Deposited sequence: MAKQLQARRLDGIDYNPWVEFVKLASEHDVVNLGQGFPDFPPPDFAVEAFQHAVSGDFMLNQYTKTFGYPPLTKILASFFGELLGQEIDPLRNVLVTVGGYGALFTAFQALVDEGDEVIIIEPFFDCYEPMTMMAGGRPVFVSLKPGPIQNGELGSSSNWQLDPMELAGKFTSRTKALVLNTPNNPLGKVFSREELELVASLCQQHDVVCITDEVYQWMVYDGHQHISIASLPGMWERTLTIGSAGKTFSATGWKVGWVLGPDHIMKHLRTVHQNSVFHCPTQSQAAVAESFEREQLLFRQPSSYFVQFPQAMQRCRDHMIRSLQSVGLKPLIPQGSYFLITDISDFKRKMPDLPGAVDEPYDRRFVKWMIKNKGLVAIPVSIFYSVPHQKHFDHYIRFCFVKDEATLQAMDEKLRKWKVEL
């Protein structure tokens, strides 16, 4: 009654409980979705230059983006997408990927509109839909029928997906590479999404923050580059996941003018400007990567290779204590199946209707000194019963962190 109705049912953050429990124990924290090592030297230096350069960078820049930033976005991403991008009509700088998602939902989603969300989903898609008055409609990726799983083998059933589309469908939210699963959507999968979006006249909100974090030769493909998709796609990126600097909180949306103008309305009536100097830092960092594009000294070549090693290390280490890793093709994350643990140890203490994975994670934090994230937080409440046996780890960590993880795991292995 004091508060607006749009806040109904979205006030709870399943995060807090675990972050609080982790802080009161000796732990290796693999639940945190950010690097615990520095960004690359060129990125840090770029920010250093922004706060010691033209003194006027301390003052407001342009509402829809620091023009050198929108310039390099339009040019670099224009090439990557095979699309002509105008900085002013087609690019909007936002407060991170979060802010870009929020701006898209607030622009397009209205009372009674349906939004298709693919499980497992980055958790904010559901409450952002709700706050905008929309109705979330869920479709599940399903693992196909060795011992190690693979994210590529989690399938989007064409018949199940087509059936979610109605006359009320406003948007489908596509996240690739996917958090938490680490799935990189194939060309054929995107074409399935694309053809339904075109058939039913639906906007595809595509969350591509992990674009550069792809492994084992897999290619990131943007759905907006597909025939006829540019006119119905919003593409989201994040400087923080791009340059390993999550605290910068700079993101962007790319899209056609007839859609983007509504995002600009939301922007101008919410934050109006993004900070100047961080934008300058991001622009300079992209100019560096555009200069060295495809070269062995580029961050976009070097970094994924280093993190693939971290991923492999973690897969072997966790595999070794009964956890069943699902090999991701992209992102910061892998999930492990804990089904074997649910069999041997079903009666873990917890609340009623509290999914096993949440109870397991609490158990692991207290007894084993390892933090992961229960995967059921990335599922609609109705589906959490069935998808209650996965936990998410982050492998984008310093060598010393993974060494500390190994120590915890060796101790665990002893009984």
Deposited residues without C-alpha coordinates, grouped into stretches that follow sequence order: 1-3, 149-151, 422
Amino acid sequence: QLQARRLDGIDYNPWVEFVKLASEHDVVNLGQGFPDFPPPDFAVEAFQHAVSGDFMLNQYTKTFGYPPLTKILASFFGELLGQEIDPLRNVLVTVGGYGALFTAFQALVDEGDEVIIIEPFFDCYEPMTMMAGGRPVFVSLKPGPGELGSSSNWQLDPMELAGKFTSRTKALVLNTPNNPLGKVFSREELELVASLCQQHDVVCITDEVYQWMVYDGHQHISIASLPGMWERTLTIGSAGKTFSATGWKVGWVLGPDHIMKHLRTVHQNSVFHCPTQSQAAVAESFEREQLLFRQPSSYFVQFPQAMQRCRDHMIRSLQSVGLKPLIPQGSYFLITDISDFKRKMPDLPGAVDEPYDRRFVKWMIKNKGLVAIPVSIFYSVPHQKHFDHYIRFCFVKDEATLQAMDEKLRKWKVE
From here on, numbers count along this sequence of modelled residues.
Per the entry, higher mean C-alpha B factor between 85-93 and 98-106: 85-93
Of 335-343 and 69-77, the stretch whose C-alpha atoms average the higher B-factor in the entry: 335-343
Top residue by Cα temperature factor, when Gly182, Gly237, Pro120, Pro145 are compared in the entry: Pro145
Record-listed C-alpha B factor of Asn367: chain third: highest
Relative C-alpha B-factor of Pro177, binned into the chain's lowest, middle or highest third: lowest
Cα B factor band for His218 (lowest, middle or highest third within the chain): highest
Third of the chain's Cα B-factor distribution that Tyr60 belongs to, per the entry: lowest
Third of the chain's Cα B-factor distribution that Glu126 belongs to, per the entry: lowest
